[PDB]
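Below is one structure, written out as structure tokens; comments come after it.
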There are 2 protein chains.
Amino acid sequence: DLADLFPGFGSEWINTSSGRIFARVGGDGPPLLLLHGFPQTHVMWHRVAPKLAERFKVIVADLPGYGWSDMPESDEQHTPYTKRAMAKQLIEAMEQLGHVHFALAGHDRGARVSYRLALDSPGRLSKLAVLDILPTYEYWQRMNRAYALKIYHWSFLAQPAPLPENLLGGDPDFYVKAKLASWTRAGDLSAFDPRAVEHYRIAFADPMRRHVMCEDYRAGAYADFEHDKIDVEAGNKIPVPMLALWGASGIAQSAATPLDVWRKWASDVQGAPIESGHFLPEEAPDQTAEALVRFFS
Amino acid sequence: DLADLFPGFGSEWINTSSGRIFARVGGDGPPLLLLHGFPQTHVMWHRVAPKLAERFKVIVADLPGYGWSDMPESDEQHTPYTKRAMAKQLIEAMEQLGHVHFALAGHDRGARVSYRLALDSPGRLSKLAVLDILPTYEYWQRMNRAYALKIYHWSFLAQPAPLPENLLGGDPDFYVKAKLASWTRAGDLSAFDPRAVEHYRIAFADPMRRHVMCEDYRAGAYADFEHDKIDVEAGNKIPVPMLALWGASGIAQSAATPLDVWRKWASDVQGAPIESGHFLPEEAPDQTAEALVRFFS
């Protein structure tokens, strides 16, 4: 079966109006919500969450539609898998636990939920950390030949259904393992705990979960972009103190200098590179956990 | 099984130093070479070639690596599937037939071979017609969010092997049929002869054929782009009289105004939209054949 990678952490099924959020919960102290991205689940935090649980109440959540969270039915505008909708759902989930003001760190898609949360509902966040992303608007505005080859999956997974679903279903194991490996510094799976890979692979083997991931990327090409575009053309900046962390060999540093971009989006931003590919908490767990503890405390 | 869609045409296997080129040959008069694109074969010309064969010797050729033409071995730079190499191979094939000066019409990938032929060896062409393309450099230069989504397959099929090969293997029948239908005005397969669709489906069923198509798009992302860049920078223009046809709902018209672009690339170019999606000779065979006859006469 699937391994428990958070020894001592509790498990919670949090009801919301859009379905249940699964989370592991551990620690004590100020609340800290950790959000994963694609093609992973909450267990990507398993190397950094124990160190964070020494100082914080750490809630490690599967995104709406991911992992063991429920999958709301999507619609023609991919509404439940827009980051605006996901942020609202997670705000609800945290309200169910009594957390109306919390710290938040996200990676990949979860970092896109995080900064959208901070634009829409800044009063909910004490501090924000985003790992190896630039805003969705910035990726699309920088989509030239070199970047279109590098993050082809942004345009491939956003193709109308069922085109990417039908291609992904012939050999799902190949695709999830290809994405994990190709975005690491070494280019293989050595940075990952093999028990964590099994979580990712099992989640990706469900065709409904794969459809959700495509809906996430469809939202990323359309409504998420439009939502971002409104803010940046209006000069709306994130007022929450924030940390932008990126991998020297990761995705965000390709096609832009991350700190200069985030300073356009956030009034109070600090940044640091980490020698790592895209998967900061697994490739560089110690370095990531130390940056996060220092920033949040 | 596979129908003969060219009543009265002979079937020739033309030997070159890179492998055999398969061609249907009919008519008499000045030689006219017709080149197909992706994901099709020579049979895409089956509704227009008989009307052209009333006034020309019409040679309907499978591109190197496509259809029934031989598949040369590729290499690290995808050399045999660069449009420069494909043009040299087709010049060799025409020489085997005694044709050193000929008319040329190409569609999709075949139109890219054609305009590269016109730039490299303009002395070989009397007149050139390209159907529903802009130069490869122009597509990559106009790469933005909108175009990345519309021609996602330019970045997807160019990913390093075996990523697109594996995914296309997930459902090849769906993918070739999805590509045919989605680029038509109607949005389904009703514009195609079902017997022609069988030709495209059978060719796409061969994994080695699908690999060649990926090598073509890899060339399109790298060497083909660099070859085009040299010409723009040196200001090299096509000196051959050219006709540019495009679909009102086709690919070229979304990127930019196609005649305006081609005038930057050609000193003598006429142009016209056809009421059509991407597949002009099948969606609009009368308008396409009429425009080609008038131009080539």
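As a basis for the values below, the full set of heavy atoms in this structure was taken, side chains included, without hydrogen atoms, waters or symmetry mates. To find a chain, count down the sequence lines: A is the first, B the second, and so on, and within it residues start at 1.
- In this model, no donor atom of one side chain and acceptor atom of the other lie less than 3.5 Å apart for A:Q77 and A:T79.
- For B:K237, the NZ atom counts as densely surrounded, since its 6.0 Å shell holds more than 12 non-hydrogen atoms of other residues, nucleotides or ligands.
- The aromatic rings of A:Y137 and A:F225 sit parallel to each other, their planes meeting at less than 30°, with 60° as the upper class boundary.
- Ring orientation note: the planes of B:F38 and B:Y217 are nearly perpendicular, at an angle over 60° on the 30°/60° scale.
- Between B:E92 and B:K88 there is no salt bridge, since no side-chain nitrogen of the basic residue lies less than 4.0 Å from a carboxylate oxygen of the acidic one.
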For B:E138 and B:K264, what are the C-alpha separation, side-chain angles and deciding distance, and is it a salt bridge (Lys or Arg N to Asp or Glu O under 4.0 Å)? CA-CA 10 Å; B:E138 293 297 340; B:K264 175 162 163 245; 3.0 Å; yes
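- Put simply, the side chain of A:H211 never gets that close to the backbone of A:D206: no donor and acceptor are under 3.5 Å apart.
- Using the six-membered ring where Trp is involved, B:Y152 and B:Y175 have ring planes that are perpendicular, over 60° apart on the 30 and 60° scheme.
- The pair B:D286-B:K51 does not meet the salt-bridge criterion, since no charged nitrogen lies less than 4.0 angstrom from a carboxylate oxygen.
- Listed by chain and residue number, nothing satisfies the ring pair (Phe, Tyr, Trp, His ring centres under 6.0 Å) test with A:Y81 (two or more places apart in sequence, or in another chain).
- The number of heavy atoms from other shown groups lying within 6.0 Å of CD (B:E275) does not exceed 12.
- Between B:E282 and B:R195 there is no salt bridge, since no side-chain N of the basic residue sits under 4.0 Å from a carboxylate O of the acidic one.
- In this model, a donor atom of one side chain and an acceptor atom of the other lie less than 3.5 Å apart for A:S74 and A:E215.
- Judged by distance alone, the side chains of A:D228 and A:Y115 do bring a donor and an acceptor atom under 3.5 Å apart.
- Within a 6.0 Å sphere centred on NZ of A:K150, heavy atoms belonging to other residues, nucleotides or ligands number more than 12.
- At most 12 non-hydrogen atoms from other residues, nucleotides or ligands lie less than 6.0 angstrom from CZ of A:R185.
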Would you sort out whether B:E226 and B:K229 count as a salt bridge (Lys or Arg N to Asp or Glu O under 4.0 Å), showing the intermediate values? CA-CA 5 Å; B:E226 304 288 354; B:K229 193 193 318 184; 2.8 Å; yes
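- In this pair, B:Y66 and B:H36 present their aromatic rings perpendicular. The plane angle is above 60°, beyond the 30 to 60° band.
- Residues that satisfy the ring pair (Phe, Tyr, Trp, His ring centres under 6.0 Å) test with B:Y147, not counting sequence neighbours, are B:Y139.
- A donor-acceptor pair under 3.5 Å links the side-chain atoms of B:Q159 to the main chain of B:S155, judged by distance alone.
- When the shell of 6.0 Å around CD of B:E73 is examined, it contains 12 or fewer heavy atoms from other residues, nucleotides or ligands.
- A donor-acceptor pair under 3.5 Å links the side-chain atoms of A:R209 to the main chain of A:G65, judged by distance alone.
- Between B:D120 and B:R116, at least one side-chain nitrogen of the basic residue sits less than 4.0 Å from a carboxylate oxygen of the acidic one, meeting the salt-bridge criterion.
- No hydrogens or angles considered: nothing links the side chains of A:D132 and A:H107 as a donor-acceptor pair under 3.5 Å.
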